[PDB]
Amino acid sequence: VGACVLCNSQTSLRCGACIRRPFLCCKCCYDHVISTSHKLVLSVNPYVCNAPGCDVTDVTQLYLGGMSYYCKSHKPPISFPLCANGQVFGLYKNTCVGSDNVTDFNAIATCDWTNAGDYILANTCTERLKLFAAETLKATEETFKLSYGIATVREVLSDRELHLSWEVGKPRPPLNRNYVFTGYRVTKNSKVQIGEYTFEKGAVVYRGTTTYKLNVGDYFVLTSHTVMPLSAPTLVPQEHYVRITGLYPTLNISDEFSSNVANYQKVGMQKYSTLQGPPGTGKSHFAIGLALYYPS
Amino acid sequence: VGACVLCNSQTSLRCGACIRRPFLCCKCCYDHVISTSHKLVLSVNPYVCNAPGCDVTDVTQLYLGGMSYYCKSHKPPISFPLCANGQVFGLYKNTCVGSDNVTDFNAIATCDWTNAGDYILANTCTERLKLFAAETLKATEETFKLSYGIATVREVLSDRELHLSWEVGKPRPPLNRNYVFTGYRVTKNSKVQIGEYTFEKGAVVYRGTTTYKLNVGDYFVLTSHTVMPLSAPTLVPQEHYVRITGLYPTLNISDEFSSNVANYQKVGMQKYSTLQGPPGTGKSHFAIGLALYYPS
Amino acid sequence: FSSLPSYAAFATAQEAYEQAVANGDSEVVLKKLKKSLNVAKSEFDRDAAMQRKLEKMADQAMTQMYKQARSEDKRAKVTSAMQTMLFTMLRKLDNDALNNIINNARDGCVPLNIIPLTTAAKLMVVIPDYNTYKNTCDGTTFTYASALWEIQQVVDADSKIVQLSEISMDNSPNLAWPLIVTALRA
Amino acid sequence: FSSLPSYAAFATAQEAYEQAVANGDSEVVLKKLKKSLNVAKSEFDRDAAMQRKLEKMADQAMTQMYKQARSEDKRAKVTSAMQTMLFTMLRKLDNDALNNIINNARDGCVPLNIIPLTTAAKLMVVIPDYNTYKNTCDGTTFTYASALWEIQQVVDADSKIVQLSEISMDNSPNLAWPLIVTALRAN
Amino acid sequence: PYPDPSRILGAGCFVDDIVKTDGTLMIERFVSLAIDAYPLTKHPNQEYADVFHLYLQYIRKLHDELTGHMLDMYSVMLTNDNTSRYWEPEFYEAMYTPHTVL
RNA sequence: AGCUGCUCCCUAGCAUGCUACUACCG
RNA sequence: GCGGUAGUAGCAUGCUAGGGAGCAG
Ligand SMILES: [Zn+2]
Ligand SMILES: [Zn+2]
Ligand SMILES: [Zn+2]
Ligand SMILES: [Zn+2]
Ligand SMILES: [Zn+2]
Ligand SMILES: [Zn+2]
């Protein structure tokens, strides 16, 4: 019950086939639910037929018959199509702005994250859509990785050496420092703390975080989160004001900060000065010298 | 529940866009509500639609359907428009004198207090309209000034010397003897007494009323009141009677008050003598001489 | 409700049929007034109903508004009505002791504690000037609340003893006047 | 309700009836263009009476789910309130006296009536009269429930501070007289 | 069944809210209290029937004083839409006769 | 600041039921 | 001339919902 992603209007409808379950206003929801592979809409109650044993869950076909929502094959005479005027039935039916060019959101919704072009559109759009694309991307990332081969090592080769078994029907993901797993210790009922470790060439050698001694029965996965919605943009709006706002002028500095003084002022005189850095130019020294310039 | 400003008729309605919330007769209110920028009316209850989540607060669309007051887009059949006959529905639906010429009241009502003519019209009308205009003028004064610069002095320069910071997005008032601020001492929760001081050229110098020593964190604004409606006119009705009423004839006087005695009688035999004074003619000497002339 | 538009139409139709029954020619040419007329009663009773109950709906809304206004303005004035009521009731009771203490309090003499009822127990009364001292205190006996109390001690506004025979006419401008007598009931 | 498909049809039927009324030719003029009008009767009856029921049912549904949304928000509000209360009273509780008595119990269970009696840090006494004061908490330290307590503060029925010198046998009738004593556990 | 007369008179004179000290704002309180007091009309003690009669007279006075306010403070003409049944004994006698209307 | 029971008044709605006027077909 | 249905108006009885009040244990 909040603003929709493309219109900033209070609605109550959510794409059922999306991953984020985003808010979409009535005409805006009509657009997205006819123009992509999102076929479901949920409101304060889910718009699904109530006749026992129905599993057709499109958007246009459903019919509202009072305290229920039907399909045309499920429909007593007193009704009205839930889809008319190009506008789905839901709260705040009037005061929704909608949007005609929503093919950008449509593509983001259908973006399955395979091509580079997916990332290109995901990085070319506007702000809250940036957020939606980002969180859909990370959610699809964890759908990707967790469902792959189980790290079920079923014996120990030697000191820091192991023998590997993995999931059947689903392949196994890389074993590199770019791919960090997480351990769970099986007992007669459930799992216990082990931690994150890495696998490499062995016959499996593990570059463990810390010392561990695991016998058989153990197996690993690379755990993840359940990423929730965000709040804020990628950056703050800029500034071109007259003051070093909120801080204190300087008395002391070391002359090795000579190249540091000239850029201290620009970062604090306006909202943000985005730093590019060649390798080993003194950036962290600069990032430490920030507090050196103003102890306060 | 009191008599109107332009009619001396007890009403129960109130102009919703107004600031002083004045009392208006049904037909008289109709004049004022369709002839200015005052779009709402308040009664014992507010005449607003009870359809959940509506924001159209004009006057003419609203419809009464029993113990509720709707929109036309919010309407059940059995009703009557709240607006008819040039008369908004309310208590005293019969005995309201109204006024055909209320463009004086109307002008006062849309007087935004920028041109001289606003003052001129405020200063040319009759009594109760004059009180209305004066109190709206103060109310707009407090709206104007308090919503300007907070004086968040963030460091001290020297003795009676300060460094200035103040709010962004809204400009800052002048720092003169005509603009007296008032202090508040902020602690971990809220503010404490500081007092009213002045700022001047520094780098800010404060010609404070009394001694005070403030470190960083404090900030200043110019406090005000929440002015209520008044009770009485600018001046009483005049007199041309025979008696110096209620006082006691004179036996002793000083010869410096020779020019004073001749004017003491006129302030005494009639209701008021309006005192005009060139700079330094003994008006105060005269003003203390009244009790010197009449010690009772 | 007769000042309505369709009244003219209905009256026209009924007068025409009165003429038709006063002439009595046909059966369906006279049914003209009735095909013509039942339309009149389908557009006059369809409009002399909604406003007739609207007339009552309006009066009941305004009675409700009046009652809410009066109810909310009654409870904004409790502590003036209550005191006015109390003093009318006390006046019409007309008791001697209550009138005594109320008149005294009106001119200045008030107590400092609750008036005791036992023949023992102490009473303290503020006396603000000589004149009100003449009427009540003569000798060492006090007259208050239609009773008699025997004086035991008088002290000044300076919280120091003043002997009783000192209080008289000539010396009255010599004592900070709001004294306090202290008496026991006889 | 004027943009319906049959407003135009009844309009043209009555318009042709008007054209023939300006004509006025035959008996079929009457019969027909009272039956062009008498066909456009069902239009403007069902199309303007079934349109008068769907809208009422739609309004019913919208009001109902407004109600349900509000009832769903108040539930989350009260959930947060209860959680904050529980976790707040949790942090005056997890001391070592509690664990000490709990671990001395053979099966983990203890009576609830002995937890404030053995682990509380502060005691409150309510005294009706002076005779009871003399026998319970006279002095500046007293013993109750197998421990030693040390007085800080005494207030009266008006929540005003009394000093221990005032509480006497001849000053007793000048005090508002339930007194409330507060003491701290001595170690 | 009939009640103690002091109970009904006390419910008349003493109330728990200040709004109930104005009669014209409710009136229904007195209609209900008069329903409770009807069977005292059959008592042999004459000072017991007077309670029911006092209640009916007071109800009539309150109705008149409420209707004579909208004609002066405002200009509303109230019509006695069968409100005259409340200050006659038939409406109250009907509540103790066996043929319901609950 | 509670749990029950009974009674009066006001508004809304639903179907039902009775009753009146118009139209169509048989 | 009657029946059936479809509309529109007025009237009662019953049920539900909401609000206001009174008594009893
Ligand atoms: Zn949208
Ligand atoms: Zn979707
Ligand atoms: Zn279905
Ligand atoms: Zn206004
Ligand atoms: Zn007026
Ligand atoms: Zn509205």
Side-chain angles (χ1 to χ4, degrees), chain A residues 66-67 78, chain B residues 50 64-68 70 76-79, chain C residues 6 10 13 27-28 31 33-54 56-61 63-64 67-68 71, chain D residues 6 10 13 36-53 56-57 59-60 63-64 67, chain E residues 1-12 14-17 19-20 22-40 55 59 62-63 81-83 85-86 91-97 100-102:
Chain A
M67 335 316 272
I78 283 64
Chain B
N50 82 323
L64 133 105
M67 315 91 161
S68 311
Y70 302 134
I78 297 80
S79 323
Chain C
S6 60
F10 173 48
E27 71 251 10
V28 203
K31 229 183 275 156
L33 322 159
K34 201 57 61 237
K35 279 329 241 357
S36 325
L37 198 138
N38 283 38
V39 190
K41 315 223 64 144
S42 74
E43 172 110 353
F44 197 81
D45 304 349
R46 212 222 50 239
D47 271 341
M50 77 170 339
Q51 60 84 267
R52 167 44 214 167
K53 299 175 279 220
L54 256 46
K56 259 146 26 184
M57 173 225 75
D59 277 347
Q60 264 219 51
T63 318
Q64 190 230 286
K67 251 140 48 161
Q68 185 182 4
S71 146
Chain D
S6 316
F10 155 68
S36 289
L37 278 197
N38 236 322
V39 138
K41 154 229 117 44
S42 41
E43 301 323 282
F44 263 43
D45 198 291
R46 207 73 47 271
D47 208 350
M50 203 45 63
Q51 191 107 354
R52 194 202 333 261
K53 184 219 87 208
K56 267 185 77 291
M57 90 152 191
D59 183 27
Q60 305 261 308
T63 305
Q64 145 80 342
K67 274 191 227 263
Chain E
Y2 67 91
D4 181 12
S6 328
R7 219 292 182 186
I8 312 295
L9 283 176
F14 302 110
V15 293
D16 48 307
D17 195 34
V19 152
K20 315 176 152 165
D22 198 341
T24 58
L25 303 187
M26 269 138 69
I27 307 197
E28 67 248 4
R29 283 210 340 132
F30 297 89
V31 168
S32 269
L33 285 163
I35 276 179
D36 275 320
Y38 167 78
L40 292 165
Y55 268 85
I59 288 171
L62 284 179
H63 261 305
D81 289 345
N82 204 32
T83 51
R85 64 203 256 241
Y86 292 143
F91 170 93
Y92 309 88
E93 183 184 350
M95 298 276 317
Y96 293 91
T97 312
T100 100
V101 82
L102 29 115

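Throughout, a chain's letter reflects where its sequence line sits, starting with A, and its residues are numbered from 1.
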J.: Measure the distance from CZ on E:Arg85 to P on F:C10 and round it to the nearest whole Å.
T.: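 In whole Å, F:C10 P lies 7 Å from E:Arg85 CZ.
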J.: Round to the nearest Å and state the distance from C:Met50 atom CE to G:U8 atom P.
T.: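 In whole Å, G:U8 P lies 15 Å from C:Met50 CE.
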J.: Under a 3.5 Å cut-off for both contacts, is G:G1 paired Watson-Crick or G-U wobble with anything, and if yes, with which nucleotide?
T.: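 Pairing partner, where one exists within any strand: none, as none qualifies.
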J.: Can you label the angle between the E:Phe91 ring and the E:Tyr86 ring as parallel, tilted or perpendicular, going by 30° and 60°?
T.: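 Plane angle over 60°, so perpendicular.
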J.: I'd like to know whether NZ of D:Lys53 has more than 12 heavy-atom contacts from other residues, nucleotides or ligands below 6.0 angstrom.
T.: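 Counting neighbours around NZ of D:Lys53, more than 12 heavy atoms of other residues, nucleotides or ligands fall under 6.0 Å, so yes.
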J.: Going by purine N1 to pyrimidine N3 plus the second Watson-Crick contact, or the G-U wobble pair, all under 3.5 Å, which nucleotide sits opposite F:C6?
T.: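 The answer is G:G22, by the H-bond criterion.
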J.: Both D:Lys56 and B:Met67 contact RNA chain F. Which one's nearest nucleotide lies toward the 5' end?
T.: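 Residue closer to the 5' terminus by nearest nucleotide: B:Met67.
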J.: Distance check needed: F:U7 P versus E:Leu33 CG, whole Å only.
T.: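 Whole-Å distance recorded here is 18 Å.
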J.: Just to be sure I understand the rule, does E:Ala11 reach a base, reach only the sugar-phosphate, or reach nothing, if contact means heavy atoms closer than 4.0 Å?
T.: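 The residue E:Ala11 makes sugar-phosphate contact but no base contact.
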J.: Considering only G:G7, G:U8, G:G22, which nucleotide approaches the side chain of D:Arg52 most closely?
T.: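 The nucleotide sitting nearest to the side chain is G:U8.
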J.: What's the closest nucleotide to the E:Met95 side chain, out of F:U7, G:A21, G:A9?
T.: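 Closest of the options to the side chain of E:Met95: F:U7.
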J.: Would you say that more than 12 heavy atoms from the other residues, nucleotides or ligands in this model lie under 6.0 Å from the NZ of C:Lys56, or not?
T.: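 Correct, the count exceeds 12.
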J.: If I compare all heavy atoms of D:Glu43 with all of D:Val39, which pair ends up nearest, and what's the gap?
T.: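 Minimum heavy-atom separation between D:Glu43 and D:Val39: OE2-O, 4.1 Å.
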J.: With a non-hydrogen cut-off below 4.0 angstrom, is C:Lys35 in contact with a base, only sugar-phosphate, or nothing?
T.: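 Sugar-phosphate only.
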J.: Of the candidate nucleotides G:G22, G:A9, G:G7, which contains the atom at the shortest distance from the side chain of C:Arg46?
T.: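 Nearest listed nucleotide: G:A9.
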J.: Starting at atom CG of C:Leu33, determine the distance to atom P of F:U22, rounded to an integer number of angstrom.
T.: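 Atom-to-atom, C:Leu33 to F:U22, this comes out as 14 Å.
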J.: Picking from G:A6, G:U8, G:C23, which would you name as closest to the side chain of D:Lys41?
T.: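 The answer is G:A6.
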J.: Between G:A24, G:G10, F:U7, spot the one nearest the side chain of E:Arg7, thanks.
T.: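 From the listed options, G:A24 comes nearest.
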J.: Pairing status of G:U13 with F:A15 is requested, where a pair means Watson-Crick or G-U wobble geometry with both distances under 3.5 Å.
T.: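 They are not paired, because the relevant distances do not both stay under 3.5 Å.
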J.: For E:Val101, report the nucleic acid contact type (base, sugar-phosphate, nothing); a contact means any heavy atom under 4.0 Å.
T.: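 Sugar-phosphate, backbone atoms only, no base.
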J.: Can you check the C:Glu43 CD to G:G10 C1' distance for me, whole Å?
T.: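 Atom-to-atom, C:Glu43 to G:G10, this comes out as 17 Å.
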J.: Checking contacts here: which listed nucleotide (F:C10, G:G22, G:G7) is nearest the side-chain heavy atoms of C:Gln60?
T.: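 The closest nucleotide is F:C10.
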J.: Counting only heavy atoms not in E:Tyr96 (residues, nucleotides, ligands), do more than 12 fall under 6.0 Å from its OH?
T.: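 Counting other residues, nucleotides and ligands, OH of E:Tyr96 exceeds 12 neighbours.
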J.: What is the nucleic acid contact for E:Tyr86, judged by heavy atoms within less than 4.0 Å: base, sugar-phosphate only, or nothing?
T.: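 Sugar-phosphate contact only.
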J.: Taking the minimum atom-to-atom distance to the side chain of E:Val31, which one of F:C8, G:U8, G:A6 wins?
T.: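 Closest nucleotide among those given: F:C8.
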J.: Take C:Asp47 and C:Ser6 through the test side-chain hydrogen bond (donor to acceptor under 3.5 Å, both in side chains) and record every step on the way to the result.
T.: CA-CA 8 Å; C:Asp47 271 341; C:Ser6 60; 4.9 Å; no
J.: Between F:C9, G:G20, F:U7, which nucleotide gets closest to the side-chain atoms of E:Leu102?
T.: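 Of the candidates, F:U7 comes closest.
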J.: Among F:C24, G:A6, G:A24, which is the nearest nucleotide to the side chain of D:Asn38?
T.: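 Closest of the options to the side chain of D:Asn38: F:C24.
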J.: Given atom NZ of E:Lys20 and atom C1' of G:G20, what is their separation to the nearest angstrom?
T.: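 Rounded to the whole Å, the gap is 11 Å.
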J.: For G:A21, take OP1 and OP2 only and decide whether either is under 4.0 Å from a side-chain N or O of E:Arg29.
T.: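 So the side-chain polar atoms of E:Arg29 never come under 4.0 Å of the phosphate oxygens OP1 or OP2 of G:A21.
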